[PDB]
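Input: a single structure, listed below in structure tokens.
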Amino acid sequence: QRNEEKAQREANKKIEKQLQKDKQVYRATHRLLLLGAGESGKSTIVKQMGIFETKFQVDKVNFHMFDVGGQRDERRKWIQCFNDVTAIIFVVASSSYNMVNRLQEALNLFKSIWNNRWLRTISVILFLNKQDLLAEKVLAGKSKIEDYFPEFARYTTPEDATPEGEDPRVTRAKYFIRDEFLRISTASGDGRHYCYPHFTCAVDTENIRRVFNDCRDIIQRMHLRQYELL
Amino acid sequence: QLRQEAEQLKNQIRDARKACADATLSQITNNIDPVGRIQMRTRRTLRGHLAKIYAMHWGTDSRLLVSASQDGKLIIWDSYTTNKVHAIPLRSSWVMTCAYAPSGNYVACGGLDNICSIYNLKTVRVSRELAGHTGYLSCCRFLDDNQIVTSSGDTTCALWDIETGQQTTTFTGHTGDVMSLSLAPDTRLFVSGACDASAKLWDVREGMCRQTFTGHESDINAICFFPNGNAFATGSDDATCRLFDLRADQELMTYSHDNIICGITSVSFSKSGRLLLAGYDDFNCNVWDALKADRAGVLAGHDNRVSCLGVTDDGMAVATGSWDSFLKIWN
Amino acid sequence: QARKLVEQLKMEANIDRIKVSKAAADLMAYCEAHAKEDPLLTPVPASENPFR
Amino acid sequence: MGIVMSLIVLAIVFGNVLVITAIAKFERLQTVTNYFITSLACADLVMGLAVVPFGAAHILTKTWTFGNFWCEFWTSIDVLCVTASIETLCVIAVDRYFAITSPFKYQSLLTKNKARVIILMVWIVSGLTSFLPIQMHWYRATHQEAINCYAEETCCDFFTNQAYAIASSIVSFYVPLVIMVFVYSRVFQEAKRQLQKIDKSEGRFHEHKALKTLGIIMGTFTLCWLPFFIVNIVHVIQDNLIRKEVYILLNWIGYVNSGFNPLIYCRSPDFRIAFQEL
Ligand SMILES: Nc1nc2c(ncn2[C@@H]2O[C@H](COP(=O)(O)OP(=O)(O)OP(=O)(O)O)[C@@H](O)[C@H]2O)c(=O)[nH]1
Ligand SMILES: CN[C@@H]1CCc2c(ccc(O)c2O)[C@H]1O
Numbered sequence: 012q013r014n015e016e017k018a019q020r021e022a023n024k025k026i027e028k029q030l031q032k033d034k035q036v037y038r039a040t041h042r043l044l045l046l047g048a049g050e051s052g053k054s055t056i057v058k059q060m206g207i208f209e210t211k212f213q214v215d216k217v218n219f220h221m222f223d224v225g226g227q228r229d230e231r232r233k234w235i236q237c238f239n240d241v242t243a244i245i246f247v248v249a250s251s252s253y254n255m256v264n265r266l267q268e269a270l271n272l273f274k275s276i277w278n279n280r281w282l283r284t285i286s287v288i289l290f291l292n293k294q295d296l297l298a299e300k301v302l303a304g305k306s307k308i309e310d311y312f313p314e315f316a317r318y319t320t321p322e323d324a325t326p327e329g330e331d332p333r334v335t336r337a338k339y340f341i342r343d344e345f346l347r348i349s350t351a352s353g354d355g356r357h358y359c360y361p362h363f364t365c366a367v368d369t370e371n372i373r374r375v376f377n378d379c380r381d382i383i384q385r386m387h388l389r390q391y392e393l394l
Numbered sequence: 006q007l008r009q010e011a012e013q014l015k016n017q018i019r020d021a022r023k024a025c026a027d028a029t030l031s032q033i034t035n036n037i038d039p040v041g042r043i044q045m046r047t048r049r050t051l052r053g054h055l056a057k058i059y060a061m062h063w064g065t066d067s068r069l070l071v072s073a074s075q076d077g078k079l080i081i082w083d084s085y086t087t088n089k090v091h092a093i094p095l096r097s098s099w100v101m102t103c104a105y106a107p108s109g110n111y112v113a114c115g116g117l118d119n120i121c122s123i124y125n126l127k128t133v134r135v136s137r138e139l140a141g142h143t144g145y146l147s148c149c150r151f152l153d154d155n156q157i158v159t160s161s162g163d164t165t166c167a168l169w170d171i172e173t174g175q176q177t178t179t180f181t182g183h184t185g186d187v188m189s190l191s192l193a194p195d196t197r198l199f200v201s202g203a204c205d206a207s208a209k210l211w212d213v214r215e216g217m218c219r220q221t222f223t224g225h226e227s228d229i230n231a232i233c234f235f236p237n238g239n240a241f242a243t244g245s246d247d248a249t250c251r252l253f254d255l256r257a258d259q260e261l262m263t264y265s266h267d268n269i270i271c272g273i274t275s276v277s278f279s280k281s282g283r284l285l286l287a288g289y290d291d292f293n294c295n296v297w298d299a300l301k302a303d304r305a306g307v308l309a310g311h312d313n314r315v316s317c318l319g320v321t322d323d324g325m326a327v328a329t330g331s332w333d334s335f336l337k338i339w340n
Numbered sequence: 011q012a013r014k015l016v017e018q019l020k021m022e023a024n025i026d027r028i029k030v031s032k033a034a035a036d037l038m039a040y041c042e043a044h045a046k047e048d049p050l051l052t053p054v055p056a057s058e059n060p061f062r
Numbered sequence: 036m037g038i039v040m041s042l043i044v045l046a047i048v049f050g051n052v053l054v055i056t057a058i059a060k061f062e063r064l065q066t067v068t069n070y071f072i073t074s075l076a077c078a079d080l081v082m083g084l085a086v087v088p089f090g091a092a093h094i095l096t097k098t099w100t101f102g103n104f105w106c107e108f109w110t111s112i113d114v115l116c117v118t119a120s121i122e123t124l125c126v127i128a129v130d131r132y133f134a135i136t137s138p139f140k141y142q143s144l145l146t147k148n149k150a151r152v153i154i155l156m157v158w159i160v161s162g163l164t165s166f167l168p169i170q171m172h173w174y175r176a177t178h179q180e181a182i183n184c185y186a187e188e189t190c191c192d193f194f195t196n197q198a199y200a201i202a203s204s205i206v207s208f209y210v211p212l213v214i215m216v217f218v219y220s221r222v223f224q225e226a227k228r229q230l231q232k233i234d235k236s237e238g239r240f241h268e269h270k271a272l273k274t275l276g277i278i279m280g281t282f283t284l285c286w287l288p289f290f291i292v293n294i295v296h297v298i299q300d301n302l303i304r305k306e307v308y309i310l311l312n313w314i315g316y317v318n319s320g321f322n323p324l325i326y327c328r329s330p331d332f333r334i335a336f337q338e339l
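Sequence order for the protein chains is A, B, G and R. Numbered by the authors' numbering, the letters in the first sequence go through residues 12 to 60, 206 to 256, 264 to 327, 329 to 394 in order. Numbered by the authors' numbering, the letters in the second sequence go through residues 6 to 128, 133 to 340 in order. First residue of the third sequence: 11, per the authors' numbering; consecutive thereafter. Numbered by the authors' numbering, the letters in the fourth sequence go through residues 36 to 241, 268 to 339 in order.
Below is the structure:
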């Protein structure tokens, strides 16, 4: 009896030593959730850069990304688990406005995710994929955006914009598509979380530096808001 | 044609059970003296988990219990002396349920990887992996030392054979995701509550549905039999708990208040069945009188929402887990 | 799946039901009989309490 | 003057004990950042409990009736409490600077053991400049008034050489001041840089807060502790220029600062709900 308590306490101390060692690793890594609206080249931008998991490291910082493919449900109940991630990566094909439409469904999904009761302090990194063929089909006159989005008729290119030798038409279309998401982002945001939109193509090779910078900005803004400085 | 008879059949059942209801449960139990004020105090506090706690299960000996956390550990505690016994690292960090075998020789696990893993505690290493579900697991309970029943998010439940790793039978009939299940004391029947606000009664031996109960209006999160075995209670995210009767095929009493609007995460009964313990999203827990539908106590002290709840077989203590990576024992 | 729903509905429609007045009495009797050994219902002395 | 002096003692004692008991009782307020706040609260509570009542009694009675050893003990604990309280604000500023400027490595750099080591190092350095040079009589002045004061038992006014009045002043005030100024200027620059980005990105769809916060934080401390640590050097460099009344008044103005720290550093919503619970 007397020796049993001492022996049982010996195992507890050994276990507690390992728990402290594993806590340093847990707090030094950042968890990311990858959401796709369907198609949109989600796997292409992942390969170049049940549940599927991957790990990558940049500038001696550990990142660990999550992709869900085994739960194809219109209503997402498992979304409550990812309430402590650093950021959420949203991938949408900006060139699927004419195809039956997909852009409105993606916008509705973004609205549903943004206003969730549990994801109330999580920022979203937005990737607007498939820019080259978007520009090609905008240049081609066989399709028109106004035939699907009537609000595009009364839209003008912002003065505070940075075009890439680029046709003003494709620039106007790109900024209209981006502002469609930005309006929903700013409608309900109260400073607890923002959105970082990017224009992404197939030949891009710096998609990891963008994630690094966005995560750094997210953490810095969180600390600034916590210390009553923002 | 075929759908025409469905409307007639559904109305026949409703009128069949409408004549049975001659008096409410509350009407008969008006003359019972109230249980009074019930106050409980925390006896133990268990620390060591690095993330939120999603599941918990007591042992048959009423001394050891197991817990699961999102950081990827499966720790077995010693409630009497507050000493960790085991710590099993998990291959997948997303875990949603855990179970403890009646004989105390095995522990089950499962989550977002659609795989159920059985661990051997007296040898710790993985003993078997069960595959075949197309959705995330929600609950799992041990029928015996060689068979186990599980529920998942693909609207189906299955009974497995641990030795061969093959599904003996599959239960179908739900429309939404199945969220919980509970076994009968004799292990011959079990119930399940899904996201279509419906609960069904299944037969393990025959693999056929017996009855259906549809008194709720939102996704059901928890379920538990009465100790007698002829009734059960459910809890949804509309701030209501309801008691259903197997023999009468209808509900008997509802437990709700106007000052609460949050969801319900877990329910549990007591040794005699007179008390009903329910966890809420309001960071605390409530104690109800089963035969009167009035509050008798409040369990407060958790810093975040309570996700797990359990009562020992001998009924000496209550264990609650929450998202602040803490476990508490109440007596 | 039209036939399956009707076949299942007919299977569970023909069952024997008892009045609520008997089920409530059965639950009341069980609770009254087993309320003696309910440690959570009535506090136990600290001599026999393993958690104190 | 008894009513005003009594209220000051009550305000300092009541404020600091509430903060200390809130952190210990509640497990959600136990943070590495809160350890520095606990140390500062302990220093302020000891100051308010020990230094102020005896100084008030000395001022009102106009005589010292506790002897010659207790006066040296009182002076030593005064210097110890004053030095250890200012040096914690520097640690808090450095912690915030590390948290904001380098976010990725902040979690790894700061640990509870490191915080304990820093706190004990600060307290040791504070104690090595108050008790050691005073109990060893290395700070005593050499003239007729000072020697008569030292000989007399009921008169123990403060007299000091130039070396101690320079070194103690520097260690207590001037080294922390420039560090705080530098780190807070960098924090303000980072805040402005991050505020411009939001306007550049989503500005059309819609630095007062940071300016107000930093202004309050720096202004209260500077306005409380600068005049005394200027006249401390002045009254030694130039003789027969600073009256004793001015010295005592500025010292008490500096003492008053101990009652403002709980307001400045414990306005978080968690602290508010903790105070509501108690
Ligand atoms: N021009 C261009 N084409 C792309 C891009 N991404 C994907 N594609 C096209 O998409 C084809 C492959 O299918 P994906 O779009 O990658 O489909 P996926 O990545 O599996 O996306 P999901 O099915 O939703 O998981 C390739 O042959 C490409 O032609 C892109 O960024 N730019
Ligand atoms: C008698 N009051 C003393 C006098 C000098 C002095 C104080 C505080 C900190 C210092 O570093 C000092 O040199 C004052 O509290």
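Every residue gets a Cβ at the ideal spot worked out from N, C-alpha and C, and that includes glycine.
Distance cut-off 7 Å: residue i Cβ against heavy atoms of ligand 1
i: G52/A; result: yes
i: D229/A; result: no
i: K300/A; result: no
i: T55/A; result: yes
i: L296/A; result: yes
i: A366/A; result: yes
i: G47/A; result: yes
i: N292/A; result: yes
Through-space distance from residue j to residue i, alpha-carbon basis
i: residue 262/R; j: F312/A; result: Absent from the coordinates is residue 262/R, which sits in the stretch where chain R moves from 241 straight to 268.
i: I270/B; j: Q29/A; result: 42 Å
i: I28/G; j: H41/A; result: 59 Å
i: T181/B; j: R134/B; result: 33 Å
i: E209/A; j: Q175/B; result: 27 Å
i: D163/B; j: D229/A; result: 9 Å
i: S97/B; j: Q236/A; result: 17 Å
i: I43/B; j: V307/B; result: 8 Å
i: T184/B; j: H387/A; result: 44 Å
i: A226/R; j: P332/A; result: 35 Å
i: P88/R; j: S84/B; result: 50 Å
i: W158/R; j: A119/R; result: 6 Å
Bridge-paired residues (DSSP) for residue i
i: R49/B; result: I338/B
i: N125/B; result: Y111/B and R134/B
i: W211/B; result: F199/B and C218/B
i: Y360/A; result: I288/A
heavy atom of ligand 2 below 7 Å from residue i C-beta
i: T110/R; result: yes
i: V117/R; result: yes
i: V114/R; result: yes
i: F282/R; result: no
i: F193/R; result: yes
Is there contact between the stretch 209-229 of chain A and the stretch 374-391 of chain A, where contact requires at least three CB pairs shorter than 8 Å? yes
Contact list for the stretch 14-45 of chain A against chain B, Cβ threshold 8 Å: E16, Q19, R20, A22, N23, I26, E27, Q29, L30, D33, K34 and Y37
Can you pull out the residues from the stretch 163-177 of chain B whose beta carbon lies closer than 8 Å to at least one beta carbon of chain A? none
Do the stretch 219-236 of chain R and the stretch 292-300 of chain R meet, that is, are 3 or more Cβ pairs less than 8 Å apart? no
Cβ contact check for the stretch 186-194 of chain B and the stretch 216-226 of chain B: 3 or more pairs under 8 Å: no
What residues in the stretch 255-285 of chain B have a beta carbon less than 8 Å from any beta carbon of chain G? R256, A257, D258, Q259, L261, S279, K280, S281, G282, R283 and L284
Segment contact flag, the stretch 64-78 of chain B with the stretch 23-38 of chain B, C-beta cutoff 8 Å, min 3 pairs: no
Using a beta-carbon distance cut-off of less than 8 Å, what residues from the stretch 224-254 of chain A approach chain B? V224, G226, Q227, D229, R231, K233, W234, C237 and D240
Could you say if the stretch 204-212 of chain R and the stretch 177-193 of chain R meet the contact criterion of at least three C-beta pairs nearer than 8 Å? no
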